[PDB]
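Peer 1: Sending over a structure as structure tokens; questions will come in a sec.
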Protein chains: 2
Amino acid sequence: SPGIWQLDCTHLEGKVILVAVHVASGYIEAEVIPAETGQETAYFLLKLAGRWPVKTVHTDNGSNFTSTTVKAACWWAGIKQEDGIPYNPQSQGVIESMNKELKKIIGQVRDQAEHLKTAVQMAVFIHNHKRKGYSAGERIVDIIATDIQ
Amino acid sequence: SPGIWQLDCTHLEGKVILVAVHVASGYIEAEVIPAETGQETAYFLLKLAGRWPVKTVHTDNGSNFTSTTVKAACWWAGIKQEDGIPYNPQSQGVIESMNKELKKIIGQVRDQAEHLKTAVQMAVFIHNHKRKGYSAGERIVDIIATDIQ
Ligand SMILES: CN(Cc1ccccc1C(=O)NCc1ccco1)Cc1ccc2c(c1C(=O)O)OC[C@H](CCC(=O)O)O2
Ligand SMILES: CN(Cc1ccccc1C(=O)NCc1ccco1)Cc1ccc2c(c1C(=O)O)OC[C@H](CCC(=O)O)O2
Ligand SMILES: [Cl-]
Ligand SMILES: [Cl-]
């Protein structure tokens with residue numbers, strides 16, 4: 001579980017917010033893209049895997065699962081590309097709740113930036129630093145350090 | 001120590017590569033931008049600070065030190081903005097060598113992507129995973145985890 005991430009795509013303001021969640025910690029990375037293509041998703045994963053030890057990614061839909069560009073990025077970065085089928089039905093709910101929380105935070109910061117991308121990074125910061133007590137950013141570091149040790 | 005980062009700007013293919021180095025570990029984050037403006041630097045720091053516990057940033061030049069947009073991002077993210085004067089003369093050398101290493105890696109991957117941005121992310125990945133023994137990505141996690149405990 002230290003290496004398991006889940007992709008998630010949500011929409012706001014006619015744009016797409018692509019999110020990666022570290023399953024065990026709830027820590028997130030996100031970016032704003034005009035639309036979700038295999039190429040965008042591939043690039044996002046390359047970025048993520050250079051920053052954290054990404055072992056497995058549960059893809060957000062069947063098009064990204066199928067995408068040869070996404071498969072090429074996962075090959076390149078040594079990531080096991082998996083489906084995102086919620087065999088544990090609780091997964092759907094957690095993701096839904098996370099998207100609603102993220103959108104809430106984006107609304108709370110929306111007037112502090114002209115561009116949606118800025119508001120999204122502000123939301124990422126707030127989400128990752130929120131003590132719920134440890135923050136998600138604290139949990140991910142502890143989890144991975146324990147793994148190295 | 002666990003919270004100090006150094007900004008660094010280097011050029012390739014008529015584009016700018018903006019880099020943040022975690023001083024204690026040598027772990028890096030980087031992005032390709034058309035030119036180094038206060039706004040680009042501010043957005044980059046916002047991204048970085050949402051992902052790692054950024055306490056202090058040594059800015060890469062006086063323009064980014066002066067930039068009110070950069071100061072506004074440092075205020076927003078709770079970062080102490082500092083100069084990057086190399087009071088320790090070893091700093092210039094270390095940065096220079098890192099830029100040289102990064103450009104070498106980018107050359108080694110350059111034909112595996114059409115776009116420079118992709119090559120740069122591949123280079124970040126290789127740099128952060130390289131065992132020197134531990135990798136920089138291992139070092140940063142251990143340093144921050146030790147700090148949390
Ligand atoms: C499609 N490309 C195929 C290619 C072209 C030439 C040489 C090798 C390859 C190859 O298959 N390499 C191995 C591989 C695939 C994925 C990771 O490694 C790779 C690629 C992917 C995503 C991108 C890219 C690029 C690029 O070519 O630079 O460019 C930036 C873009 C930004 C996001 C957006 O704009 O959608 O995301
Ligand atoms: C300049 N802006 C001032 C502003 C405009 C409107 C409302 C509030 C503010 C304000 O001062 N907010 C507090 C603050 C400043 C920095 C961090 O928080 C903030 C901003 C900065 C960098 C960016 C931005 C934006 C943006 O407005 O969205 O947009 C994307 C861009 C991408 C990189 C590139 O294209 O250069 O980087
Ligand atoms: Cl964090
Ligand atoms: Cl890594």
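The numbers here are math on the coordinates, done by the rules we state, and not lab data. Cβ placement follows ideal geometry from the backbone for every residue including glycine, while neighbour counts extend to all protein chains displayed.
Peer 1: Using only the alpha carbons of the protein assembly as shown, determine the length spanned along each of the three principal axes and report them from longest to shortest in whole angstroms.
Peer 2: Principal-axis extents of the Cα atoms in the protein assembly as shown, largest first: 57, 42, 40 Å.
Peer 1: Find the centroid of the Cα atoms in segment A:1-79 and in segment B:12-86, then give the distance between the two in whole Å.
Peer 2: 24
Peer 1: Evaluate the charge dipole of the protein assembly as shown about its Cα centre and quote only its size in Debye, nearest 20, assuming +1 on the Cβ of each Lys and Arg and -1 on the Cβ of each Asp and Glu.
Peer 2: Magnitude of the dipole: close to 320 debye.
Peer 1: Another question, then. Beyond 23 Å between alpha-carbons counts as too far, so tell me which of A:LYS47/A:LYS104; A:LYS130/B:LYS47; B:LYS100/B:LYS132; A:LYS130/B:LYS55 fall in that bin. Mind showing how you got there, number by number?
Peer 2: Details: A:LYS47/A:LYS104 26 Å; A:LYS130/B:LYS47 16 Å; B:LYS100/B:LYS132 17 Å; A:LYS130/B:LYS55 16 Å.
Beyond 23 Å: A:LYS47/A:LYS104.
Peer 1: Continuing with the same structure: In vacuo Debye scattering of chain A, one point per C-alpha: log10 I(q)/I(0) at q = 0.08, 0.16, 0.17, 0.20 Å⁻¹?
Peer 2: The calculated log intensity ratios at q = 0.08, 0.16, 0.17, 0.20 Å⁻¹ are -0.21, -0.88, -1.00, -1.36.
Peer 1: Where the label is 7 Å out from Cα toward Cβ, how close does B:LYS130 come to the same position in every other copy, in nm, shortest first?
Peer 2: 3.9
Peer 1: Of the listed peptides A:136-148, A:16-28, what is their order by residue-averaged count of other C-beta atoms within 10 Å, with the highest listed first? Provide the component values of the computation, followed by the final result.
Peer 2: Numbers: A:136-148: 19.4, A:16-28: 21.2.
My ranking of the peptides, most packed first, is A:16-28, A:136-148.
Peer 1: Hey, another quick one. In percent, how large is the relative contact order of segment B:1-49, given Cα pairs closer than 8 Å and 6 or more residues apart?
Peer 2: 29 percent.
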